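One chain follows as structure tokens, the form deposited in one PDB entry.
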């Protein structure tokens, strides 16, 4: 009897130990665009040394022109508008803001903030219903109230920032719509592989999208969670493309590399190590799901299939 199967390790952590304690500044708004902005129309560039990949390797671009996806970090409303404008030049289809953040976040006086708990796990273990409920309550509770908004220091603790009496509160959905983008939330926990719940939701959503739909994925940094879903979308829309080509091309356009590599972390970040290994295994497990379920149109949901074909630990 296994308590937590591969892909659900995070379920063993205690939520009560990472509760939110401060409104974190998600972006200073000094740049015109969010950080790590990238699209599937972008040219591939040299891989990052840390991933020890083959720089001479030329990944196939098959299906990238019609992939129509992009990724980025969190953003201010103005930055989102700039993103929408840039994407509108590439498509005449609906542009979706796919919010992959489980952590409660929103905008106070137009400032992008999030209720930060240690490890960014303020909503760990909560269902999407509970997470959004927490988010809605906190945002509203901030109106006409004094709050402290601050960026984090090297040890993930408040550093400087500012104090203000909020006069306007907005959800990301509001910001997205005001930017001319449709909105879709997937409460994925930061630093770990998306839950079976997260993926089932995405998969159902993905199946009903128009042919010309453009997906702009984003999380906090625009790296871990953002790349995982960009990778999954790439595999789903281009099942004939090898796992290697998918992983390489998603990384070389500016994303994270989800294949094996010499994982290295500072002592204070040693806790992230097993979660990185788990994601590597689950990336391969999803690829297997796509290859073995595409033929019948994915009649079997990911969560169901996963239980029938559990991934092997690392």
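Numbering follows the first chain given and starts at 1.
The next section is about a form of this same protein that is not shown, the form deposited with a small molecule bound.
- For the options 37, 276, 287, 248, the residue carrying a heavy atom within 4.5 angstroms of the small molecule in the entry with it bound is 276.
- Of the residues 201, 191, 185, 105, just one reaches the small molecule in the entry with it bound with a heavy atom at 4.5 Å or closer; this is 191.
- Looking at residue 79, you'd find every heavy atom of it more than 4.5 angstroms from the small molecule in the entry with it bound.
- Contact check for residue 224: a heavy atom falls within 4.5 Å of the small molecule in the entry with it bound.
- Interface residue remark: residue 219 is counted as part of the site for the small molecule in the entry with it bound, having a heavy atom within 4.5 Å.
- Although the partner is absent here, residue 97 sits far enough away that none of its heavy atoms falls within 4.5 Å of the small molecule in the entry with it bound.
- For the three marked residues, 24, 156 and 272, a heavy atom of each sits within 4.5 Å of the small molecule in the entry with it bound.
- Of the stretches 129 to 137, 172 to 180, 87 to 95, 224 to 232, only 224 to 232 has residues with a heavy atom within 4.5 Å of the small molecule in the entry with it bound.
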